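Quick notes on the structure that follows.
In what follows, chains are A, B, ... by sequence order, proteins preceding strands, each numbered from 1. Note: hydrogens, waters and symmetry copies are ignored here, and every other heavy atom, side chains too, is used.
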Amino acid sequence: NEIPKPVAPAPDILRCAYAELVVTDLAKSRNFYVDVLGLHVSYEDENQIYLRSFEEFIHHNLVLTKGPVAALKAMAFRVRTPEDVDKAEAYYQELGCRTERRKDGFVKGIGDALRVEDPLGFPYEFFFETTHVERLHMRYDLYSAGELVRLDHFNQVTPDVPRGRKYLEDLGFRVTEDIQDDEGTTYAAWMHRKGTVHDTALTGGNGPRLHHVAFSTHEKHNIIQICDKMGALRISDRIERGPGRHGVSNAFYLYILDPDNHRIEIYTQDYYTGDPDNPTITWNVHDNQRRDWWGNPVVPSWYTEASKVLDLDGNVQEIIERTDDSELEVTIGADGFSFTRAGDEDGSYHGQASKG
Amino acid sequence: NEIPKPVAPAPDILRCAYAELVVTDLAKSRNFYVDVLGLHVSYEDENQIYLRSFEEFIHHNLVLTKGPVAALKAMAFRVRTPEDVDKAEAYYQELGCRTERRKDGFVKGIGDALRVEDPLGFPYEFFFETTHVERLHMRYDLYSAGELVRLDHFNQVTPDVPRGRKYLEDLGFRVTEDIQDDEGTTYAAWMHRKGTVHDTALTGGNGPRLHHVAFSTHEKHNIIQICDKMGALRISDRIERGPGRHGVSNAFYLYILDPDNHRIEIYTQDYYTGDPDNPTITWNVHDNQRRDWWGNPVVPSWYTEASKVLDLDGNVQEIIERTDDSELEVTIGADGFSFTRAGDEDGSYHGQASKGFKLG
Amino acid sequence: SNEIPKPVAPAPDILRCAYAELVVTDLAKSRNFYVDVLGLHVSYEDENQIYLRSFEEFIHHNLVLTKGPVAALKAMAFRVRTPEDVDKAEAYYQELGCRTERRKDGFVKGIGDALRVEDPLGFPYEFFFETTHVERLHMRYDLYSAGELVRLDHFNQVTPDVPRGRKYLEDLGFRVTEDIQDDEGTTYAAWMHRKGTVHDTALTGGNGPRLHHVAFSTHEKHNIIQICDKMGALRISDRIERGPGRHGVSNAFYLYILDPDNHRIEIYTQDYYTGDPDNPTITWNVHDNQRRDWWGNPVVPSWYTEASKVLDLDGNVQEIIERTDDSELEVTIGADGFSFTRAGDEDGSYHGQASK
Amino acid sequence: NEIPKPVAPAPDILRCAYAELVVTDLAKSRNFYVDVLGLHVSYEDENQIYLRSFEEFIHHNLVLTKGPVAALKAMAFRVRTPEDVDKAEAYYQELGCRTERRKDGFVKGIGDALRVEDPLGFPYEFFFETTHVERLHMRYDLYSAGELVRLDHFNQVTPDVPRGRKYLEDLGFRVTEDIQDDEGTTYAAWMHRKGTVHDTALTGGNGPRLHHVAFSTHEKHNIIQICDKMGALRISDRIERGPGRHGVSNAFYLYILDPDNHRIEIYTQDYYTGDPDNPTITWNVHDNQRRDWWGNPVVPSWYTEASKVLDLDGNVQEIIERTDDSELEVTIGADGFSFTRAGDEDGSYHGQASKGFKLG
Ligand SMILES: O=C(O)Cc1ccc(O)c(O)c1
Ligand SMILES: [Ca+2]
Ligand SMILES: [Cl-]
Ligand SMILES: [Cl-]
Ligand SMILES: [Cl-]
Ligand SMILES: [Fe+2]
Ligand SMILES: [Fe+2]
Ligand SMILES: [Fe+2]
Ligand SMILES: [Fe+2]
């Protein structure tokens with residue numbers, strides 16, 4: 001049922017800022033994120049690793065926290081002013097959501113912060129205050145052939161996309177692209193605060209689950225190098241999907257799996273969305289160029305697998321089942337369909353994925 | 001001489017949107033911007049060419065207007081709402097500036113628009129309404145090896161950088177980087193509204209003049225290809241400076257000259273500046289990696305040459321001489337100095353440019 | 001045995017692969033693919049043929065498209081070092097008992113004295129020295145496409161008995177650089193060279209003679225990406241067969257696409273130097289899931305089963321001989337096949353299924 | 001003083017294979033070649049460092065030998081068979097050159113080898129036997145953003161280019177490109193054995209001196225990264241020239257200087273030359289696109305500075321002065337000139353370099 005628009009003003013959200021991920025083996029996770037992927041350590045101890053991308057000046061973009069059950073603990077957005085943390089708290093209380101505020105932060109390098117169990121069951125954090133660190137954007141002495149340069153977005157699995165979309169729109173996120181069919185079903189939506197295609201996105205599925213966290217590279221060859229490195233390390237089985245060109249977003253991309261199966265996307269070269277009348281793009285779910293522009297098939301695991309999320313007590317959120325049609329089933333399942341050219345039988349696929 | 005902060009609220013500016021350049025030979029200019037550089041035509045007739053970048057959805061990023069004297073006619077910024085055009089009007093009127101309002105626009109594909117003679121003598125346009133066109137961002141069947149994908153920024157030559165900087169800060173532009181010395185002189189500042197290093201910038205010098213308009217590419221090889229193509233067309237004399245890596249902005253770059261000597265920068269891969277406490281970077285004017293990170297010398301024309309700007313009547317604005325120290329003189333001139341490593345004489349340059357060159 | 005005995009006559013000194021003549025059924029449709037989509041440069045054309053070359057070529061052409069009733073390879077041509085090498089080629093193939101045809105004025109425009117042969121594997125080979133030089137476009141950056149094809153790199157031939165063909169090609173002066181074998185002693189594929197790259201031709205085990213593909217190179221990996229992107233924009237992504245990827249064998253970045261008659265074209269870049277005579281030969285195990293695609297992406301079955309007909313010297317289709325040796329498709333992705341990411345490790349292995 | 005063609009057959013040369021450079025401080029040289037540039041160690045001790053590129057399978061491409069005077073000690077070419085070492089010995093003996101044969105090599109990982117003081121005063125080595133090592137071409141776990149993938153070529157400074165060219169042609173090198181003027185002077189020539197633009201090249205100047213050793217990258221961005229890294233390390237003063245696109249060779253390039261001022265070129269994407277009638281390309285010396293296609297000026301040090309070379313006793317070879325015209329002088333000197341378009345004054349430079357600089 002619809003989530004009401006509060007009377008209270010929404011906080012001014014700048015961008016996605018960091019994710020806190022619970023991991024089971026801190027050493028194995030460090031090897032993946034630091035040794036394989038080259039993220040930069042801002043702080044570490046025996047319980048947590050704080051990591052940042054090459055161009056970041058805030059304390060971190062990723063916190064790995066040792067715990068018993070691998071899951072998303074918080075997806076954090078930075079707000080414009082300290083007063084926006086107050087606005088966030090008032091807004092979510094009006095929404096009837098559980099909130100927790102700590103003046104000294106939940107993780108190192110973040111000050112006054114509000115965590116909330118949002119209407120879709122996700123742990124959101126809003127903060128302004130953060131400890132500045134050395135911005136490594138010109139440290140070409142450190143630069144990796146696969147260098148991850150920015151945190152770009154999150155992607156959330158939720159059972160009712162329109163319900164979630166309206167809520168995020170009220171919160172100030174503008175939809176840039178979406179996937180629908182001719183029967184009124186929405187399968188996915190992308191929405192932004194900062195001037196890129198998205199800061200978060202909704203993928204229709206059983207939820208709440210975290211689909212992925214995405215980092216940017218400068219160039220397409222940097223993504224290719226990550227694949228090449230993973231072949232050399234003989235861990236190509238942890239490449240899930242890609243590399244490719246997205247239809248939706250137009251970005252070059254790759255999806256890989258961390259030691260706890262948390263999915264990480266590598267992403268580059270989407271477009272500017274900062275104008276308020278930025279044209280919304282709607283794709284048909286049966287268009288075989290919507291996810292991979294080259295028509296490469298989307299592996300079923302990409303649709304079915306995603307990370308658990310925690311509530312404010314650190315317990316796993318119960319999963320609610322999607323009743324709307326499944327993107328997997330309608331495109332690549334036994335009764336699925338996709339096309340290369342709308343209305344052309346040639347280059348269409350019935351009851352199977354593209355390319356054989 | 002300080003420009004006061006108006007009581008009237010500043011318009012909410014989104015980004016640089018387009019420039020209108022007066023050109024003397026429309027066909028020669030079209031050859032440069034369309035045939036050489038690959039910009040996309042939104043409209044053209046005997047008097048004007050309207051051009052846009054690969055990823056743009058507003059009507060245009062560049063208007064070429066035939067006229068007797070080559071000059072910048074307007075640098076245009078898009079504002080967030082129609083109401084912001086009224087705000088801009090009230091703001092500049094409070095500053096004591098001349099303003100002109102046209103409900104149906106000054107150029108095709110722009111609606112209600114305000115043009116102003118700003119306090120630094122520059123013709124700024126503010127608008128919201130614009131005719132949307134086909135966004136070509138996935139038209140890879142059109143994509144050039146040198147494709148210009150966005151309009152990124154303007155750069156303005158002005159004699160008193162602190163005076164201009166304060167005015168633009170009150171307008172909502174935050175300074176991301178600057179160049180100063182230890183004697184209190186500011187030589188240049190970069191300032192933004194959209195989340196990149198800048199939408200405009202001030203370069204110290206006699207002004208008002210337009211230093212350049214900058215377009216972005218996706219990747220560094222795209223900029224390399226523009227150079228390569230200019231060599232194949234045997235117009236390498238129109239490559240002024242570059243390609244290089246900037247210190248300030250960290251962008252890969254190239255400067256080229258159009259048929260009327262309007263300078264165009266091609267630019268890629270600067271960083272995100274959208275957070276309100278984005279760290280402001282100050283480089284010393286004597287640091288030889290500040291403009292070109294690799295230490296390549298900055299050709300003197302880059303410091304001395306820039307385009308005329310017009311007032312609202314279309315007449316050239318009179319030039320006011322800079323009295324602050326000259327970046328050229330203090331770095332590559334007779335009594336100039338630059339260093340590679342602060343405090344190291346090794347890799348320093350005295351009275352000449354880096355890499356074995358002197359001023360011609 | 002059915003070995004191809006080494007002639008006493010000296011082998012012609014072969015420089016490199018030089019051009020292919022492909023018979024096509026609709027010349028205008030083929031022109032649109034090779035010129036408009038792929039950007040090859042016209043060296044001559046009329047109502048029956050189109051002659052095309054790559055960006056860095058100075059000989060007359062790398063590809064001749066000839067209108068005919070049945071799409072097929074008509075000749076795969078190698079340039080020899082001197083005019084006398086055409087004589088050597090004729091004596092060599094005559095000793096092998098092969099049908100030969102010598103045209104002192106060439107078979108196609110821009111080639112002079114030329115010998116065509118029905119080789120012992122049933123392939124139409126041409127050997128020539130004389131060719132009309134044309135403008136080398138290597139610095140014509142005013143013409144350069146975002147997907148520019150810069151050189152002709154190699155051919156790949158489907159033949160039933162790889163060792164038989166390999167020894168024949170070795171006698172002809174081709175050195176094997178890489179191959180794929182199993183522990184039981186079966187050879188599935190071999191790559192072999194004259195010029196200093198991984199190959200000028202290659203043998204893929206299968207029913208033959210059939211032409212598997214013709215390969216062109218690009219300068220950089222982004223040029224191959226652009227070809228894919230362009231094909232998506234033209235809504236012909238169904239003509240992208242496999243890739244883009246990193247090869248295991250050759251280490252080259254690659255893509256396979258299909259022309260209007262289903263002739264397969266590979267785009268290829270950045271293999272390694274093989275010109276030293278003791279260049280180390282690399283043998284991969286057939287069950288290694290990084291041998292073909294280094295990133296472990298699956299090889300679609302059509303890549304193993306589909307290939308172009310070849311013609312005899314009368315222009316008739318050559319009869320096909322079925323492979324009796326084990327099938328690479330069957331032993332890797334068929335019902336009883338398997339592959340591994342790490343030898344000996346069931347984690348990352350695939351059984352009776354392809355990867356991913 | 002022409003060098004006659006021997007009756008004895010030339011050795012069959014495959015390619016350039018390695019250079020032995022004498023360096024004065026082994027640790028500082030190691031920092032440059034291993035830490036800055038990322039070359040791979042095949043062997044090292046207190047006296048020498050043996051280095052190879054990413055795709056090499058022979059033992060090394062570069063030997064750094066500690067010694068009192070920095071210099072080229074040997075430029076080594078691999079020959080096709082063991083018997084070609086005997087052919088090289090007979091060939092150079094017929095030429096009247098000093099030869100030294102060591103059945104177990106001069107440096108580690110090379111077997112039977114011949115070193116000669118060649119007719120141009122250069123120390124050449126010919127060998128077949130070399131210890132194979134792990135070919136790192138797919139070791140993407142090691143791959144750096146600036147990875148050097150192959151040894152491509154040498155470049156030699158010699159006073160009489162036609163005299164040297166003839167000698168190298170008799171040895172089997174074929175000329176691919178050269179630079180001449182209308183009055184019949186030759187300034188430079190490029191020549192090959194393997195199917196690239198060159199394995200060695202001759203630059204007119206006082207000699208024998210070693211101009212540079214060149215390594216390849218996969219892509220242009222790899223060269224850009226080397227520049228970026230040198231800026232981050234605050235050693236941009238060791239970037240001599242570039243990055244650029246060459247006219248001659250069409251390769252993307254960069255020139256940097258090691259701790260002893262030995263010049264290293266980074267290079268990529270030249271073209272195939274393996275056909276025996278490969279078209280030769282001759283450029284006019286006044287063509288400002290011949291060296292840098294984009295017309296960027298050639299720094300005077302590029303023309304004047306080069307490394308000493310040693311004789312077989314390890315003593316520095318005496319230098320012979322060039323008497324033919326100087327490329328520096330005829331192009332960028334006070335009486336030089338260059339053009340963008342032949343015959344066009346627009347885009348031409350007289351008495352100075354392109355882009356607005358004169359000689360420092
Ligand atoms: O199938 C693969 O991926 C192996 C491979 C390597 C080199 C090639 O040129 C080719 O066509 C196939
Ligand atoms: Ca001072
Ligand atoms: Cl997707
Ligand atoms: Cl600059
Ligand atoms: Cl040069
Ligand atoms: Fe994503
Ligand atoms: Fe700029
Ligand atoms: Fe191939
Ligand atoms: Fe060189």
Of all of [options], which one pairs up most often with chain A through heavy atoms under 4.5 Å apart?
{"options": "B:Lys220, B:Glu56, B:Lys194", "result": "B:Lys220"}
{"options": "B:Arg150, B:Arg245, B:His221", "result": "B:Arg150"}
{"options": "B:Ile281, B:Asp277, B:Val149", "result": "B:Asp277"}

* Can you tell me if NZ on A:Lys103 sees more than 12 non-hydrogen neighbours from other groups inside 6.0 Å? ->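 No, the 6.0 Å shell around NZ holds no more than 12 heavy atoms from other groups.
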* **For chain A, which residues of residues 128-139 of chain B have heavy atoms nearer than 4.5 angstrom** =>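 So far as heavy atoms go, B:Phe128, B:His132, B:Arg135, B:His137, B:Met138 are the residues that approach chain A to under 4.5 Å.
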* Asked: Considering heavy atoms only, which positions within residues 11-20 of chain B lie below 4.5 Å of chain A?
  ->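 Within residues 11-20 of chain B, the residues that come under 4.5 Å of chain A (heavy atoms only) are B:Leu14, B:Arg15.
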* Asked: Considering only heavy atoms, which portion of A:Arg80 lies under 4.5 Å from any heavy atom of chain B: side chain, backbone, both, or neither?
  ->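 Contact with chain B is through both the backbone and side chain of A:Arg80.
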* Check whether B:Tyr271 gets within reach of chain A through its side chain, its backbone, both or neither, counting any heavy atom under 4.5 Å. =>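 The answer is both parts of B:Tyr271.
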* Counting only heavy atoms closer than 4.5 Å, note whether B:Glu55 contacts chain A via side chain, backbone, both or neither. =>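 Just the side chain, heavy atoms under 4.5 Å.
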* Asked: For the atom pair CD (A:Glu219) and OG1 (B:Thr268), what is the distance rounded to the nearest 0.5 Å?
  ->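 That separation rounds to 7.0 Å.
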* Is the closest side-chain heavy-atom distance between A:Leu151 and B:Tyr272 below 4.5 Å? ->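 No, side chains not in contact.
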* Which residue out of A:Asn250, A:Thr196, A:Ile58, A:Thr81 racks up the most heavy-atom pairs below 4.5 Å with chain B? ->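 Looking at each option in turn, the highest pair count goes to A:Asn250.
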